[PDB]
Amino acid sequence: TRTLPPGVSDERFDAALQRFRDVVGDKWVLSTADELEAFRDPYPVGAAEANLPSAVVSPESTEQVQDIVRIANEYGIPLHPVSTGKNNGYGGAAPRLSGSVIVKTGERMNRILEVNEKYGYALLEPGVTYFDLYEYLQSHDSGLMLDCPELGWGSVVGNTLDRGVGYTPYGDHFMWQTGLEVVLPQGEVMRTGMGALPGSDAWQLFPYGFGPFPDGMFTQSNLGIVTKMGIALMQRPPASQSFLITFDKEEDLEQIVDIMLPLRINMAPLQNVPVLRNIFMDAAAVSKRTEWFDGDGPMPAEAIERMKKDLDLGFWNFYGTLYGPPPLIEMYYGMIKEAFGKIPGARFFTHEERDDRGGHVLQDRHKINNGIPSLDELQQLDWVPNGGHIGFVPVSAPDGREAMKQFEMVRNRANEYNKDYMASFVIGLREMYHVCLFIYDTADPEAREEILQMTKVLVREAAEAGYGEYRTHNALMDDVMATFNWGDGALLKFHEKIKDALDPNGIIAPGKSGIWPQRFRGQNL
């Protein structure tokens, strides 16, 4: 059957598709099953079909976005705006609401509008990937560096708009986002901050402007379609050194985190975003599961010791990067060695001390942590046939016992559902993103359903323990927002009220972050 927007007939949708073609050109509207396969979730969750797009519209300009939104309002067509649509682990480009039209802004709105060397910023359209911006900075001999997530094929804008993160001192992308332009849900266009002052040169200099500060309301949001976004860019330091600390025992996690916090909270000596990855995460980056265990069910401890011995890695592997003059780097590395060396069996390696396969992750972090984008971690998806992943990322206090509690709770459910537990604590100043990647055979419908049921269990169990997730997959958005229900669901009620005011026809990404416009509430999707 043809995927159609809810309540929209074949005739009405054909008519809307043609109005879209009038705006963007016939080449830039996709609506056949073969064309749309590329836009389904690449890592499907659940046995049954879900998150089916009805079309893809690729606008060239803000003016075209406004016209697309107005047409969607006339026809009642839901729109899922994306930048590059590489939100893999959280749905890809696929809409939360099946039948929605994807607005792929980044296909043609892909210009670097400004890179300012003096004030250190960029003004970007959504199609600028991290690779694109890196190539620009390299080609202009820029003194600036970008901040990228693990995979460079995503969007500087799009990643920020889901509050994604990277690993340099500028790792909080939303923090350094400065100014945006957005098409509101009925087609009006708005600039935030100093961009609201005509002729201001400070759109990318001063984020707040005047009055209530709105930009965060357009992140993890369905309140508009972003068409331009500014971001601050850090100056590249004169030198850097990355390092790996291997820790032998599962149980070391508690002491690692507790030693880490005093070294991190003042952004020195731990200047970048430390990451603490387990052996499964690192092994998946350089090898397939069957090299260590080709049997049924969870991997046995003998197979784990082999992974560690052969890759020369610990169960927990701490990656960091230091920046600045060589003397500062040496002083900070000495402090780090002296602190973590109090853990029995810890071993230290700089990026120049490992040329072996187990050191491939360290080399990859040394790129990433220096704003050099990479795709090396895509090899994690070769762990099993037809590999995909889902991201389960609860927030943790930077406390070793809390980390251990979360590790044990996730590992337990992981084992129960026969999914390997790849873990990476991504460490901020006062919080940790406990990244749980579950890699699975996306062609196997029982594996897909196990992933869905396992993660719904984990969302509930984590919440009963006081833990919430910072970001989540289409399939989990209602469940995750349901956990943030202090005061009889006060937060969601507030969001719904704003959603219905700005989007009275219920057009933009219905269900994003569990926020449904009035016409869709009380339904089973």
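Numbers for residues come from their place in the sequence shown, where the first is 1.
**Student:** Which of the two stretches, 331-339 or 113-121, shows the higher mean Cα temperature factor in the record?
**Tutor:** That would be 331-339.
**Student:** Which wins on mean Cα temperature factor, 218-226 or 301-309?
**Tutor:** For C-alpha atoms only, the mean B-factor is higher in 301-309.
**Student:** Per the entry, which of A346, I77, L180, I256 tops the list for Cα B factor?
**Tutor:** Highest CA B-factor of the listed options: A346.
**Student:** Going by the deposited entry, which of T455, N317, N386, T321 has the highest CA temperature factor?
**Tutor:** The record points to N386.
**Student:** Would you check the entry's CA temperature factor for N485 and let me know if it's in the chain's lowest, middle or highest third?
**Tutor:** It falls in the bottom third of the chain.
**Student:** Ranking every modelled residue in this chain by its Cα temperature factor as given in the entry, which third contains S424?
**Tutor:** Middle third.
**Student:** Thinking about Cα B factors across the chain, which third does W292 belong to?
**Tutor:** Highest third of the chain for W292's C-alpha B-factor.
**Student:** By the record's CA B-factor, is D503 among the lowest, middle or highest third of residues in the chain?
**Tutor:** Tercile = lowest for this residue's CA B-factor.
**Student:** Using the temperature factors of the C-alpha atoms in this entry, rank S61 within its chain: lowest, middle or highest third.
**Tutor:** It belongs to the middle third of the chain when residues are ordered by C-alpha B-factor.
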